[PDB]
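Q: Sharing coords_27.txt here; it has compact mmCIF, C-alpha atoms.
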# COMPACT_ATOMS: atom_id res chain seq x y z
CA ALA A 1 0.00 0.00 0.00
CA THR A 2 1.01 3.57 -0.71
CA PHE A 3 0.71 6.31 1.91
CA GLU A 4 1.28 9.91 0.96
CA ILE A 5 2.18 11.95 4.04
CA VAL A 6 1.66 15.70 3.58
CA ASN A 7 2.66 18.51 5.91
CA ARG A 8 0.20 21.38 5.47
CA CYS A 9 1.31 22.95 8.79
CA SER A 10 3.13 26.27 8.70
CA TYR A 11 5.90 24.67 10.77
CA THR A 12 8.30 21.80 10.07
CA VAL A 13 7.35 18.36 11.38
CA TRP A 14 9.28 15.12 11.43
CA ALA A 15 6.94 12.40 10.23
CA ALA A 16 7.31 8.89 11.67
CA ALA A 17 5.98 5.51 10.59
CA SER A 18 6.37 2.31 12.61
CA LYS A 19 4.65 -0.94 13.52
CA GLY A 20 6.18 -0.94 17.00
CA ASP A 21 9.02 -3.40 16.49
CA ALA A 22 10.18 -2.11 13.11
CA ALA A 23 10.22 0.95 10.87
CA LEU A 24 7.72 1.24 8.06
CA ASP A 25 9.64 2.26 4.93
CA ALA A 26 12.43 4.63 6.07
CA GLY A 27 10.67 5.15 9.42
CA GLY A 28 10.95 8.92 9.54
CA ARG A 29 11.72 12.07 7.61
CA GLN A 30 11.75 15.83 7.93
CA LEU A 31 8.79 17.54 6.20
CA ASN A 32 9.00 21.26 5.74
CA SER A 33 5.76 23.16 5.28
CA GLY A 34 4.08 21.88 2.11
CA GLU A 35 6.32 18.85 1.59
CA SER A 36 5.01 15.38 0.75
CA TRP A 37 6.58 12.01 1.54
CA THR A 38 5.39 8.86 -0.20
CA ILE A 39 6.01 5.57 1.57
CA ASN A 40 5.25 1.96 0.81
CA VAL A 41 3.77 -0.23 3.49
CA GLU A 42 3.77 -4.01 3.00
CA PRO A 43 0.38 -5.71 2.58
CA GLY A 44 -0.80 -7.46 5.71
CA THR A 45 0.83 -4.93 8.04
CA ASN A 46 -0.97 -5.10 11.36
CA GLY A 47 -0.83 -2.32 13.93
CA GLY A 48 0.98 0.34 11.91
CA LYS A 49 1.00 3.96 13.07
CA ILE A 50 1.96 7.28 11.51
CA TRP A 51 2.48 10.43 13.57
CA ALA A 52 4.19 13.82 13.53
CA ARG A 53 7.03 14.93 15.81
CA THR A 54 7.63 18.56 16.65
CA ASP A 55 10.68 20.63 17.60
CA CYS A 56 13.33 18.06 16.71
CA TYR A 57 17.12 18.37 16.60
CA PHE A 58 19.09 15.65 14.81
CA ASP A 59 22.80 15.33 14.10
CA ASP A 60 24.39 13.86 10.98
CA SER A 61 23.98 10.30 12.28
CA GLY A 62 20.21 10.70 12.63
CA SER A 63 20.37 10.89 16.43
CA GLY A 64 18.75 13.57 18.56
CA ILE A 65 15.58 14.61 20.39
CA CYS A 66 12.02 15.83 19.67
CA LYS A 67 9.66 17.59 22.08
CA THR A 68 6.67 15.49 21.04
CA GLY A 69 6.62 12.00 19.64
CA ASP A 70 10.30 11.18 20.16
CA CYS A 71 11.07 7.56 19.26
CA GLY A 72 14.19 6.80 21.30
CA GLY A 73 16.11 9.72 19.85
CA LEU A 74 16.15 8.47 16.24
CA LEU A 75 15.22 10.27 13.03
CA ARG A 76 14.20 6.95 11.51
CA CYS A 77 11.75 5.44 14.00
CA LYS A 78 11.78 1.73 14.75
CA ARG A 79 9.47 2.02 17.76
CA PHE A 80 6.46 4.10 18.75
CA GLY A 81 6.79 7.67 19.91
CA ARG A 82 6.53 9.39 23.28
CA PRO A 83 3.15 11.02 24.01
CA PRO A 84 1.59 13.38 23.24
CA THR A 85 1.01 12.12 19.70
CA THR A 86 -2.06 12.28 17.49
CA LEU A 87 -2.07 8.83 15.85
CA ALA A 88 -3.07 7.56 12.43
CA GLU A 89 -3.56 3.80 12.96
CA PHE A 90 -4.06 1.06 10.42
CA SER A 91 -4.18 -2.66 9.86
CA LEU A 92 -4.05 -3.77 6.24
CA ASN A 93 -5.43 -6.83 4.43
CA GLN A 94 -7.14 -8.33 7.44
CA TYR A 95 -9.42 -10.99 5.98
CA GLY A 96 -9.96 -8.89 2.88
CA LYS A 97 -10.37 -5.49 4.52
CA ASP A 98 -8.28 -2.53 5.69
CA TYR A 99 -9.07 -0.84 9.01
CA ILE A 100 -8.12 2.76 9.74
CA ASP A 101 -8.67 5.19 12.59
CA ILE A 102 -7.36 8.28 14.31
CA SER A 103 -6.63 8.00 18.01
CA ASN A 104 -6.17 10.49 20.87
CA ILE A 105 -5.51 7.68 23.37
CA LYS A 106 -1.86 8.80 23.52
CA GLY A 107 -2.77 12.49 23.48
CA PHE A 108 -2.69 15.10 20.74
CA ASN A 109 0.09 17.19 19.25
CA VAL A 110 -0.78 18.04 15.62
CA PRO A 111 -4.15 18.10 13.81
CA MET A 112 -4.61 15.33 11.26
CA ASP A 113 -6.73 14.06 8.38
CA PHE A 114 -6.45 10.36 7.42
CA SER A 115 -8.23 9.57 4.13
CA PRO A 116 -8.20 6.92 1.42
CA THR A 117 -6.98 8.03 -2.03
CA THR A 118 -8.77 5.08 -3.61
CA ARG A 119 -12.51 4.32 -3.67
CA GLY A 120 -14.72 2.52 -1.19
CA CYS A 121 -14.66 4.28 2.19
CA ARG A 122 -14.52 7.64 3.94
CA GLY A 123 -11.75 9.42 5.79
CA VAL A 124 -11.51 10.61 9.37
CA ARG A 125 -10.21 13.84 10.83
CA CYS A 126 -9.24 15.46 14.11
CA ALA A 127 -8.52 19.12 13.42
CA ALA A 128 -9.83 21.02 16.44
CA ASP A 129 -7.58 23.22 18.57
CA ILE A 130 -7.01 20.61 21.25
CA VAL A 131 -3.70 22.11 22.33
CA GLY A 132 -5.21 25.58 22.84
CA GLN A 133 -8.19 24.23 24.80
CA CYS A 134 -6.23 21.54 26.69
CA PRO A 135 -7.13 21.22 30.41
CA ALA A 136 -4.37 22.65 32.62
CA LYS A 137 -3.41 19.31 34.15
CA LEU A 138 -2.96 17.67 30.72
CA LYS A 139 -0.82 20.38 29.11
CA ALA A 140 2.62 19.19 28.08
CA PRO A 141 5.42 21.77 28.53
CA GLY A 142 7.06 20.71 25.27
CA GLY A 143 3.82 21.26 23.45
CA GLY A 144 0.77 19.14 23.04
CA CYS A 145 -2.01 17.82 25.22
CA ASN A 146 -1.37 14.58 27.11
CA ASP A 147 -3.90 11.84 27.65
CA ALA A 148 -4.90 11.16 31.26
CA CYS A 149 -3.28 7.71 31.37
CA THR A 150 0.13 9.19 30.55
CA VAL A 151 -0.25 11.88 33.19
CA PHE A 152 -1.88 10.05 36.13
CA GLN A 153 -1.09 6.33 35.57
CA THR A 154 -4.32 4.99 37.12
CA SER A 155 -6.16 1.81 36.29
CA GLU A 156 -9.22 3.83 35.28
CA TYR A 157 -7.46 6.12 32.78
CA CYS A 158 -5.24 3.36 31.39
CA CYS A 159 -8.10 0.80 31.37
CA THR A 160 -5.74 -1.77 32.82
CA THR A 161 -8.47 -4.12 34.13
CA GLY A 162 -10.35 -4.01 30.82
CA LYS A 163 -13.12 -2.30 32.68
CA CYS A 164 -13.10 1.42 32.46
CA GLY A 165 -15.54 4.17 31.60
CA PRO A 166 -15.25 7.57 29.99
CA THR A 167 -13.78 10.28 32.20
CA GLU A 168 -13.78 14.08 32.41
CA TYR A 169 -10.50 13.99 30.50
CA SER A 170 -11.56 11.54 27.77
CA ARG A 171 -14.77 13.53 27.23
CA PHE A 172 -12.68 16.63 26.51
CA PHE A 173 -10.93 14.88 23.60
CA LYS A 174 -14.23 13.37 22.42
CA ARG A 175 -16.10 16.68 22.46
CA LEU A 176 -13.53 18.32 20.21
CA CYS A 177 -12.84 15.27 18.01
CA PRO A 178 -15.78 12.87 17.98
CA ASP A 179 -14.30 10.77 15.17
CA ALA A 180 -11.15 9.83 17.10
CA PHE A 181 -10.70 7.30 19.90
CA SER A 182 -10.69 9.14 23.24
CA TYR A 183 -10.02 6.23 25.62
CA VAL A 184 -9.33 2.52 25.29
CA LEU A 185 -12.95 1.30 25.39
CA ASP A 186 -14.45 4.15 23.40
CA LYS A 187 -17.15 3.17 20.92
CA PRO A 188 -14.99 2.37 17.88
CA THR A 189 -14.56 5.02 15.22
CA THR A 190 -12.69 2.62 12.98
CA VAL A 191 -13.39 2.83 9.25
CA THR A 192 -13.49 -0.30 7.09
CA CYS A 193 -11.92 0.10 3.65
CA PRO A 194 -11.41 -2.35 0.79
CA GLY A 195 -8.26 -4.44 1.23
CA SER A 196 -5.20 -2.90 -0.45
CA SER A 197 -6.51 0.68 -0.44
CA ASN A 198 -4.07 3.61 -0.62
CA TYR A 199 -4.09 6.58 1.75
CA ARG A 200 -3.09 10.14 2.48
CA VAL A 201 -2.22 11.48 5.93
CA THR A 202 -2.35 15.29 6.06
CA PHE A 203 -0.98 17.23 9.02
CA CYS A 204 -2.85 20.52 9.67
CA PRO A 205 -5.55 19.80 7.07
CA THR A 206 -7.42 23.08 7.63
CA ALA A 207 -4.50 25.25 8.71
Go ahead and express the file in the form of structure tokens.

A:
Amino acid sequence: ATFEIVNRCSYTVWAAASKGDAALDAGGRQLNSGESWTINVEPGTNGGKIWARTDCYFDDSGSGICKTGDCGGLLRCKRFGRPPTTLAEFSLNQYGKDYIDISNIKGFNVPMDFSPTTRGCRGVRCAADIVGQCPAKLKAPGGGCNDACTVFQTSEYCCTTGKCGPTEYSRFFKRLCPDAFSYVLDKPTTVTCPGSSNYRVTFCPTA
């Protein structure tokens, strides 16, 4: 499958793509404002994620730091990033179908649209000003709006027992972005697409 990753933000982001134990394609790249990066993701990939990182500094060896979404200090991510990260999530060619969603379960840093570029399903978007409206206790100094599990580490926020409900914090994310997951047991906002669809992930789709 082809993913085109587009930075429509007015600021530079460092895109990342991983399935948790390996990079997808090159795993990461700098995207200046307006730049597009096309990657190829192998059919059958389960549990892939794409996200943006902000305020990064990398040396010549591809080693450094980012203020949101850092993946162990690497430009080319092999593992998932540090919250807060708005997440594009996908599993491809699962019994004939692709499944895509946007998630705020690990917080929010950059607004995002995640849409197919082929026929057969709709896209999803979270483009509200979650950072500007972020509750005081969830604000991340480096930028972004943390999820409550990251901040407070309780069974209820992290849904550790497999029994949890919505919370004041999850309802904040859900109010602003109804089409994204706001906590682990949220009513699913997953979209089912034809197997082997292609996609575009756009950072700052409105701005």

Q: For residue 197 of chain A, which of A:37, A:3, A:51, A:181 is the closest residue, counting only C-alpha atoms?

A: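 So, comparing all the options, the nearest one is A:3.
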
Q: As a list in words, please: the residues near residue 93 of chain A (cut-off 8 Å, all atoms listed in the file, same-chain neighbours under 3 positions excluded).

A: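 These residues fall inside the cut-off: residues 43, 44, 45, 96, 97, 98, 195 and 196 of chain A.
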
Q: May I have the protein, DNA and RNA residues with an atom at most 12 Å from (-10.5, 5.6, 5.8), counting all atoms listed in the file in the file's coordinates, returned as a PyMOL selection string?

A: chain A and resi 3+88-92+97-102+113-125+179+189-201

Q: From the options A:4, A:35, A:147, A:21, which residue's atoms come nearest to residue 103 of chain A, counting all atoms listed in the file?

A: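 Among the listed residues, the smallest separation from residue 103 of chain A belongs to A:147.
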
Q: In Å to one decimal, how far is atom CA of residue 53 of chain A from atom CA of residue 22 of chain A?

A: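 Atom-to-atom, atom CA of residue 22 of chain A and atom CA of residue 53 of chain A are spaced 17.5 Å apart.
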
Q: Just give me the gap between atom CA of residue 152 of chain A and atom CA of residue 16 of chain A in Å, one decimal is fine.

A: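 One can read the atom CA of residue 152 of chain A to atom CA of residue 16 of chain A distance as 26.2 Å.
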
Q: Could you check the closest approach to residue 140 of chain A for each of A:34, A:25, A:85, A:48 and tell me which residue wins, using only C-alpha atoms?

A: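 Ranked by minimum distance to residue 140 of chain A, first place goes to A:85.
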
Q: Let me make sure I understand: among A:178, A:20, A:69, A:64, which one has the smallest atom-to-atom distance to residue 143 of chain A if we use only C-alpha atoms?

A: A:69

Q: Could you tell me how far atom CA of residue 47 of chain A sits from atom CA of residue 27 of chain A, in Å to one decimal place?

A: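 Distance between the two atoms: 14.4 Å.
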
Q: Taking the point (0.2, 10.9, 28.5) as given in the file, collect each protein or nucleic acid residue that comes within 12 Å of it, counting only C-alpha atoms, and present the set as JSON, numbers by chain.

A: {"A": [68, 69, 81, 82, 83, 84, 85, 86, 104, 105, 106, 107, 108, 109, 137, 138, 139, 140, 144, 145, 146, 147, 148, 149, 150, 151, 152, 153, 154, 157, 158, 169, 170, 183]}

Q: Under the rule that all atoms listed in the file are counted, which of A:46, A:33, A:133, A:18 is the nearest residue to residue 176 of chain A?

A: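 Comparing A:46, A:33, A:133, A:18 against residue 176 of chain A, the winner is A:133.
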
Q: For residue 65 of chain A, find every residue with an atom within 9 Å (counting only C-alpha atoms), except residues of its own chain fewer than 4 positions away, and show them as a PyMOL selection string.

A: chain A and resi 55-58+70-75

Q: Excluding residue 12 of chain A and any residue of its chain fewer than 2 positions from it, enumerate the residues within 7 Å of it, using only C-alpha atoms, and give them as a VMD selection string.

A: chain A and resid 10 14 31 to 33

Q: Which of these, A:38, A:29, A:160, A:188, has the shortest distance to residue 2 of chain A once you count all atoms listed in the file?

A: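 Checking each candidate against residue 2 of chain A, we get A:38 as the closest.
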